[PDB]
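> Build me a model from this:
(chains A, B, C and D, ligands or ions: 5)
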Amino acid sequence: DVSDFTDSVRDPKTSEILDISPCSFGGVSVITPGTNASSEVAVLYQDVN
Amino acid sequence: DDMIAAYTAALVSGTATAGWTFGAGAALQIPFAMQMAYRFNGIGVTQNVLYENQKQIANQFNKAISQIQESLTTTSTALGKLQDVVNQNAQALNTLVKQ
Amino acid sequence: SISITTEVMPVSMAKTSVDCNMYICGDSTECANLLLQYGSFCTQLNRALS
Amino acid sequence: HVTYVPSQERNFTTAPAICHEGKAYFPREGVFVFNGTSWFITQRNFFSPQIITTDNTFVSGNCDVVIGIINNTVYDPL
Ligand SMILES: *[C@@H]1O[C@H](CO)[C@@H](O)[C@H](O)[C@H]1NC(C)=O
Ligand SMILES: *[C@@H]1O[C@H](CO)[C@@H](O)[C@H](O)[C@H]1NC(C)=O
Ligand SMILES: *[C@@H]1O[C@H](CO)[C@@H](O)[C@H](O)[C@H]1NC(C)=O
Ligand SMILES: *[C@@H]1O[C@H](CO)[C@@H](O)[C@H](O)[C@H]1NC(C)=O
Ligand SMILES: *[C@@H]1O[C@H](CO)[C@@H](O)[C@H](O)[C@H]1NC(C)=O
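Residues are numbered from 1 along each chain as shown, chains lettered A, B, ... in the order given. Ligands and ions are numbered 1, 2, ... in the order given. Below, you will see the structure:
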């Protein structure tokens, strides 16, 4: 691709073309009060429904 | 964007109803013609010049508003720096990806 | 009394431009070919200076 | 920062100018107010009524072109 990451491959046995994608995606935020207040947190996931 | 539009609507409504008083404290109502006479008095022109030529000034105001409204549909050079802001952000992120 | 006071303020500075190929390598083609991997690192500098 | 804040407002009836003897009188620095009995002239930031004389006002034209013109009297000292 544009960033020289190997994204397409041809299978050496059954010659078909496959894409490779990373398996980490989406940003995560942690909402907390102070540590001395409580140890309970909330998690917000962007990019998920 | 809805909250920013609500803020601007509140500002414009407060200008059209209470004038200049609500910036300092609470809103003090005044009819719009007397407020415009107060604005004329603050330039140097006397108060009678508004009241004796009210229709012409209102017509010129409406025509200038319509001129801006007709100009914003046609020209594209206006709002040319907000586009520069969004273009620069996009280009910076794409340069990070390509490096 | 009528007093006249002077006040001096800067407005602009000098416009400069650089060439990476002459600064980094000079006139050697081996360095010039080795600089192609560092390719997007000077369009950034020229963009900022312009 | 030490600042002045107005408070405790009330509503009066108002007019742009007053027509007296066929000529229109405009206030100099203030507004015409009606408080239910008679018409006074006041400053806009503090409520302190003043009677309408020739010194408070000034004349411009006849009372036929202003919208909201009313009839009242203007006190001349002689
Ligand atoms: C062995 O490789 C060939 C490709 O040369 C392929 O056609 C064939 O299916 C492969 N054999 C098996 C058992 O997958
Ligand atoms: C999440 O899925 C629901 C189910 O149809 C849909 O109505 C909603 O619009 C989706 N959320 C977003 C942000 O598109
Ligand atoms: C202003 O005062 C008048 C009394 O003359 C009253 O009728 C009116 O309701 C008041 N305005 C408001 C917004 O209450
Ligand atoms: C209006 O103001 C005058 C000024 O003293 C006062 O005499 C009069 O009583 C006021 N009217 C009412 C209805 O309070
Ligand atoms: C004011 O006086 C003029 C002449 O005296 C009269 O024509 C006019 O109707 C009066 N205005 C009102 C509101 O009564």
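
> for residue 6, what are its contacts?
All of this refers to chain A. For residue A:6, the contact set (C-beta atoms under 8 Å, 6 or more residues apart in numbering or on different chains) comprises residue A:20. From N, CA and C alone the C-beta is placed, and that goes for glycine too.

> how close does the closest residue to chain B within chain D get to residue D:31?
As assessed by C-beta to the nearest C-beta, chain B sits closest to residue D:60 within chain D, at 4.0 Å. Counting by C-beta to C-beta, to the nearest Å, the separation of residue D:60 from residue D:31 is 17 Å.

> OK, contacts around the residue of chain D closest to chain B?
B:46, B:48, B:52, D:24, D:26.

> Could you find which two of those are furthest from each other?
Pairwise distances across the contacts of residue D:60 peak at 12.6 Å for B:46 and D:24 (criterion: C-beta to C-beta).

> And those two? Which one has more around it.
Higher neighbour count among residue B:46 and residue D:24: residue D:24, with 23 against 15, using other C-beta atoms under 10 Å in any protein chain shown.

> Only alpha carbons, please: show the helix or strand that one falls within as CSV.
According to DSSP states H and E, residue D:24 maps onto strand D:23-27. C-alpha atoms of strand D:23-27 as CSV (Å, rounded to 0.1, in the frame of the first residue of the first chain):
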residue,chain,number,x,y,z
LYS,D,23,-44.2,71.4,15.7
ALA,D,24,-42.5,68.2,16.8
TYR,D,25,-40.2,68.2,19.9
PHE,D,26,-37.5,65.6,20.3
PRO,D,27,-35.6,65.0,23.5
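
> Show me what counts as buried in the next helix or strand after it.
For strand D:23-27, the following helix or strand on the C-terminal side (DSSP H and E) is strand D:31-34. Neighbour-count burial for strand D:31-34, with 16 or more other C-beta atoms under 10 Å in any protein chain shown as criterion, is recorded at D:31, D:32, D:33.

> Neighbours of the closest residue to chain C within chain A, how many?
Residue nearest to chain C within chain A (C-beta to the nearest C-beta): residue A:4, separated by 10.5 Å. By the criterion of other C-beta under 10 Å, residue A:4 has 7 neighbours.

> That one and chain D, how far apart?
Residue A:4 sits 60 Å away from chain D, going by C-beta to the nearest C-beta, to the nearest Å.

> which SS class is residue B:15?
helix (DSSP: H, G, I helix; E, B strand; the rest coil).
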